[PDB]
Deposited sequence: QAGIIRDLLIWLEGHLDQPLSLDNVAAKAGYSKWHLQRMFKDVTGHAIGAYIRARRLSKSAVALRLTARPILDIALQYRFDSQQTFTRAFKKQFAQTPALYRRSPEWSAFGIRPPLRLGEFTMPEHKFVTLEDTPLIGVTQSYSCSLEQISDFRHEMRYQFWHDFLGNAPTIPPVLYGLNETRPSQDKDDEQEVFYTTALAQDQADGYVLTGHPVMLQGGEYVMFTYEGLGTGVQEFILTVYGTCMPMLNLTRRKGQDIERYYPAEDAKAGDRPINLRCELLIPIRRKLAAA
């Protein structure tokens, strides 16, 4: 039945990561290696083996754009044999090498295999907006972490800036910005840097940001996803935005910065918070 694959998928997704698993290991679901395959193929219309391989290579496309980790660390984490096995496989799915997949100014979901929803999926709310150059003031640091740690690392960088700011400020700014940017390495182009900028509107922060500098929030077209929930749901919010909404919208991310907007001045059970993820986009022209 579908209630079996329903729970199986919740497991896989959360374990493509560390734990190893092939049709045999996946049998640790209670059934025989074969009945399972036919069952999985009935309920989802997909062959279990080729899906797992595609979810892993999908996480891999995201980890290559969002993190600074070296191509090997990323492949090893997702149970791949070696860089070579990884590469070959990767080329088949995205018709390109991981190195060129990362260096690429633009990004599309051409070969992304989003996770599978077996029934009720509520896609984060989204809207298309145009932003105008917004003068900001902030601190920007290069960071390195796994796809699974992004939310935590960013929360730490934001925490420092914010509490340091409120220590010397008579007024509370309405918004806290978190700008993510990627920079291709000029040596071997398999490497790239990732920076996070915690900033405030120039009007707001005024001369209260210790070690702050001028930052120009770039204007242009963006898609804006909104999130409202426990701060602990933020990690899941970002990955589904990159792992399932961008692809589903068949959109192209332009070179630029990702913009997270927080409204801290609005958050003793875990606190509920709201924030918006803004992705720099290039919409396609529909053909008559």
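- Counting from residue 1 of the deposited sequence, the single stretch lacking C-alpha coordinates in this chain is 268-271.
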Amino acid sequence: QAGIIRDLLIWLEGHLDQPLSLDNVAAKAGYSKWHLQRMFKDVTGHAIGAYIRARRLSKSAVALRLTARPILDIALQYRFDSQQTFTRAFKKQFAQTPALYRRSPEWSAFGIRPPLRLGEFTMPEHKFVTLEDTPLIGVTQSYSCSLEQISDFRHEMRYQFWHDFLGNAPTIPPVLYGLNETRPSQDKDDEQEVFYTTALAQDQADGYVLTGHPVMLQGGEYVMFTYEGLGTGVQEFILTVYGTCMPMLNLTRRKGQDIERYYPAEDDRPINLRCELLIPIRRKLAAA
From here on, numbers count along this sequence of modelled residues.
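- Higher mean CA B-factor, judged across 17-25 and 270-278 from the recorded values: 17-25.
- Stretches 188-196 and 147-155 differ in mean CA B factor, with 188-196 having the higher one.
- Of the residues listed, 41, 69, 261, 255, the entry assigns the biggest Cα temperature factor to 41.
- You'll see in the entry that, of 163, 213, 183, 79, the Cα B factor peaks at 79.
- Compared with the other modelled residues of the chain, the Cα B-factor recorded for residue 231 ranks in the middle third.
- The PDB entry assigns residue 36 a C-alpha temperature factor belonging to the highest third of its chain's modelled residues.
- Per the deposited record, the Cα B-factor of residue 95 falls in the middle third when ranked against the other modelled residues of its chain.
- Sort the chain's modelled residues by C-alpha temperature factor and residue 204 lands in the highest third, per the entry.
- When the modelled residues of the chain are ordered by C-alpha B-factor, residue 113 sits in the middle third.
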